[PDB]
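See structure below.
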Amino acid sequence: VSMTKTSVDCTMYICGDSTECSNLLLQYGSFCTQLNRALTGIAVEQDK
Amino acid sequence: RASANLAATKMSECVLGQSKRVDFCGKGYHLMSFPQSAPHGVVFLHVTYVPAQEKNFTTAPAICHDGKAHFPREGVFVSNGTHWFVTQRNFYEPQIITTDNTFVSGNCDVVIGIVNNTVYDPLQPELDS
Amino acid sequence: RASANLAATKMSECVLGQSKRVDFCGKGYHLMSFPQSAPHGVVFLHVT
Amino acid sequence: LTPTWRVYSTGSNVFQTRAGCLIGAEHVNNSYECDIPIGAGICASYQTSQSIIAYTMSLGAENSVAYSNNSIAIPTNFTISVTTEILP
Amino acid sequence: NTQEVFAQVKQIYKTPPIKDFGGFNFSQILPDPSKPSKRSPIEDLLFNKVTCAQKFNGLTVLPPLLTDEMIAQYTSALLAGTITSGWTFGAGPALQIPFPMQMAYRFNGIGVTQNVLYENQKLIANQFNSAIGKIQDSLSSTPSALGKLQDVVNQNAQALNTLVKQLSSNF
Ligand SMILES: *[C@@H]1O[C@H](CO)[C@@H](O)[C@H](O)[C@H]1NC(C)=O
Ligand SMILES: *[C@@H]1O[C@H](CO)[C@@H](O)[C@H](O)[C@H]1NC(C)=O
Ligand SMILES: *[C@@H]1O[C@H](CO)[C@@H](O)[C@H](O)[C@H]1NC(C)=O
Ligand SMILES: *[C@@H]1O[C@H](CO)[C@@H](O)[C@H](O)[C@H]1NC(C)=O
Ligand SMILES: *[C@@H]1O[C@H](CO)[C@@H](O)[C@H](O)[C@H]1NC(C)=O
Ligand SMILES: *[C@@H]1O[C@H](CO)[C@@H](O)[C@H](O)[C@H]1NC(C)=O
Ligand SMILES: *[C@@H]1O[C@H](CO)[C@@H](O)[C@H](O)[C@H]1NC(C)=O
């Protein structure tokens with residue numbers, strides 16, 4: 001009926017506490033936002 | 001996988017039985033279905049019943065006889081212009097209105113569209129003789 | 001496409017006939033259903 | 001910029017739709033079933049001498065059920081028809 | 001998808017000029033000829049409820065093959081077949097039947113005798129009309145009624161906006 005409601009922190013996954021990695025990820029656009037939005041949609045879908 | 005789930009459902013509900021779902025297995029009142037193997041698929045030969053030749057008839061919701069409303073047990077009241085008959089819904093088979101194919105459900109003041117006709121009693125001729 | 005297949009099934013089984021499937025077309029003993037065009041969708045008025 | 005691509009045929013072939021404008025197909029004011037979907041209710045077909053015709057597709061043959069609160073239509077004959085359904 | 005959902009009917013049935021359905025009132029669902037597009041009042045609410053448009057970065061929106069008028073004509077044909085014929089128009093030729101008798105058919109379908117309806121014809125007709133009017137009012141008042149279609153439109157628009165905004169990143 002549903003599956004595990006996992007969520008992934010894209011910034012915390014690609015980079016640790018590093019801020020240079022965070023900036024280089026920032027110049028890659030809004031991929032992390034899309035991934036987080038997709039995972040949140042999956043979560044709400046499991047609840048539904 | 002969605003298509004295969006639909007194919008399995010169609011097999012179960014039309015090959016293994018007769019489905020009342022409308023337009024699920026062929027256009028019409030579904031009768032049967034025959035699976036046929038096909039390359040990477042399946043073909044169903046949906047045998048369906050389709051009415052062919054229509055005919056206009058005058059109809060009434062009930063029959064007012066003996067000061068009471070008579071409704072068809074299974075069928076509809078139809079008239080060929082002068083005489084009233086009860087007929088099954090999907091095939092024109094006129095029958096004489098009797099008490100076996102009709103049931104009394106009150107009086108004639110309350111039904112809208114009721115018509116005056118006689119209902120044959122299959123017991124009176126035997127009572128006389 | 002799954003939603004559109006469900007909409008086509010509901011049209012066939014409730015607009016074109018009376019469905020005995022429970023809670024398929026409205027909550028209750030289904031009587032009729034009326035299609036209504038909507039922007040990128042369809043609205044069913046399930047009479048039950 | 002070569003004349004062989006740009007063909008207008010006096011401008012009769014030019015037909016302005018909502019999906020754009022169709023060049024090279026003659027508009028016909030009657031309707032058939034859709035053959036090649038142009039878009040926005042316009043479909044094209046190859047029909048007769050013979051040329052591509054652009055038309056508003058016909059949804060179907062208009063019918064009018066003779067409704068009356070007093071009359072019913074009951075079939076007196078039937079047809080056992082076999083429909084073929086293909087599913088991957 | 002559109003052609004599968006709406007083109008179930010084979011012939012465009014026409015509602016009779018006179019609406020004598022034994023008290024049943026389909027004016028809210030039948031097409032309104034006064035307005036330009038032949039849409040019912042319910043359809044008018046449904047179309048009014050669901051709501052950077054010139055994207056020049058290679059993005060274009062192709063028009064649907066079935067126009068809104070053609071989808072409304074399909075809907076009107078289905079409604080006219082349902083009202084005048086019943087379920088008979090989906091299983092072959094459309095067989096005319098008075099609407100009270102069609103409702104008696106449906107009552108037998110749910111396991112209730114015709115008797116129940118023929119002495120409650122006025123009451124059932126009034127209940128049906130009131131229910132349709134309440135649908136009209138609830139659609140008119142509640143703004144979030146058409147949540148699913150608006151959600152689909154918003155999802156597509158947000159995806160397109162993200163695709164456009166991705167041109168601003170250096171990579
Ligand atoms: C029933 O009467 C109507 C009246 O216009 C007519 O159009 C229709 O063809 C008739 N049906 C048959 C089967 O003759
Ligand atoms: C109607 O059917 C009856 C059968 O008893 C027949 O006697 C009568 O002549 C018929 N009338 C018409 C108009 O077909
Ligand atoms: C059918 O409607 C007409 C007027 O439209 C009316 O005169 C007649 O009494 C009605 N008949 C039934 C059976 O409802
Ligand atoms: C049916 O007959 C009764 C008396 O037998 C009469 O009062 C009534 O008016 C009749 N109905 C019609 C429609 O003529
Ligand atoms: C539609 O085309 C036909 C072609 O014969 C023509 O006779 C008719 O006048 C045209 N009507 C309009 C409104 O363009
Ligand atoms: C029914 O139709 C078949 C052909 O489909 C024909 O042979 C038969 O005579 C018809 N029967 C009646 C009663 O019209
Ligand atoms: C049906 O509803 C409309 C508006 O909802 C109303 O004006 C009309 O009087 C009602 N009855 C009939 C028979 O149209």
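Below, chain A is the first sequence line, B the second, and so on; all start at residue 1. Only heavy atoms go into these numbers, but all of them, side chains included; no hydrogens, no water, no symmetry mates. Counting convention: from 1, in listed order, for ligands and their atoms alike.
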Is B:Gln53 close to ligand 6, meaning an N/O of one under 3.5 Å from an N/O of the other? yes
Is B:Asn56 in polar range of ligand 1, meaning some N or O pair under 3.5 Å apart? yes
Could you tell me whether D:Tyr32 and D:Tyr55 have their ring centroids closer than 6.0 angstrom? yes
Do the numbers put E:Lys19 on top of the ring of E:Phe26, so that NZ or CZ is under 6.0 Å from the six-membered ring centre and no more than 45° off the axis? no
Measure the spacing between CD1 of E:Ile29 and CD1 of E:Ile135 and express it to the nearest 0.5 Å. 11.5 Å
The criterion is side-chain contact (heavy atoms from CB on, under 4.5 Å); which residues satisfy it with B:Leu16, sequence neighbours excluded? B:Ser12
Under 4.0 Å from one or more heavy atoms of D:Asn77, ligand 6 contributes atoms 1 (C), 2 (O), 3 (C), 8 (C), 10 (C), 11 (N), 12 (C), 14 (O)
Between ligand 2 and the protein, give all atom pairs where both partners are nitrogen or oxygen and the distance is under 3.5 Å, as lines of names plus distance to 0.1 Å.
unit_1, atom_1, unit_2, atom_2, d
ligand 2, 2 (O), B:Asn80, ND2, 2.4
ligand 2, 11 (N), B:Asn80, ND2, 2.9
ligand 2, 14 (O), B:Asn80, ND2, 3.0

Where D:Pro75 and B:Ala52 come nearest, the two heavy atoms and their spacing: CB-N, 4.5 Å
Can you see which heavy atom on B:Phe24 is nearest to which on B:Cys14, and at what distance? CD2-SG, 4.0 Å
For residues E:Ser140 and E:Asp137, is any side-chain donor paired with an opposing acceptor at under 3.5 Å? no
